[PDB]
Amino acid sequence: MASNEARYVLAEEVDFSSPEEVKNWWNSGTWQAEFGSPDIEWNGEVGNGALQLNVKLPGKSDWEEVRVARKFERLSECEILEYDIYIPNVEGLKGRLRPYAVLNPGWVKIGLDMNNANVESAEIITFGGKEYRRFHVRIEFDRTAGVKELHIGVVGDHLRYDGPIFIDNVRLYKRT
């Protein structure tokens, strides 16, 4: 067996292709940041369907968090999470991102500071003639009994930004 054989298989995938999927997500919190109005909605132009978070990040502190969540029935079986964040590549965008996730019940914080990035060096991707900074997040965690929902924490670190941020391609994997 090749040493690069994937030891995992895709158990759950959310690509936000339909706006109905957004109704399954909710905002589960803020700290030193705010949501706008509405807090979340669907966007059909980014990632051919993405979760749009309308955020207000003052960029004054090193942890400015907005958080969203969704139930996942099979989550206790899983050990790897991947997801993408896209931020409009607007003039002057500067700062650090500290994205992570939470398994719940149990409020189990996973991948803390495991996927940090300077926004100014992040990959650029284009959708519909517009540029985005891309942040791919990959988090490893233990099979955890009783967990039923996943929270995605989008955390700014002196990243002043008022506008939409996007989440896409939420994928959960279990070991074979």
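Residue numbers here begin at 1 and follow the sequence given.
Participant: Of 92 to 100 and 78 to 86, which one has the bigger average CA B-factor?
Facilitator: The entry gives the higher C-alpha B-factor average to 92 to 100.
Participant: Comparing 127 to 135 with 63 to 71, where is the mean C-alpha B-factor higher?
Facilitator: So the stretch with the higher mean C-alpha B-factor is 127 to 135.
Participant: Looking at the C-alpha B-factor values in the deposited entry, which of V154, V14, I165, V9 comes out highest?
Facilitator: Across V154, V14, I165, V9, the entry lists the biggest C-alpha B-factor for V9.
Participant: Would you mind checking where the Cα B-factor of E34 ranks among the modelled residues of its chain, as the lowest, middle or highest third?
Facilitator: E34: CA B-factor falls in the middle third of its chain.
Participant: Pull the Cα B-factor of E149 out of the PDB entry and bin it into the chain's lowest, middle or highest third.
Facilitator: Its C-alpha B-factor, which the entry lists for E149, ranks in the lowest third among residues of this chain.
Participant: Relative to the other modelled residues in the chain, which third contains the C-alpha temperature factor of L51: lowest, middle or highest?
Facilitator: Answer is lowest: the recorded C-alpha B-factor places it there.
Participant: Give the position of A117 by CA B-factor within its chain, expressed as the lowest, middle or highest third.
Facilitator: Highest third, going by the recorded CA B-factors of the chain.
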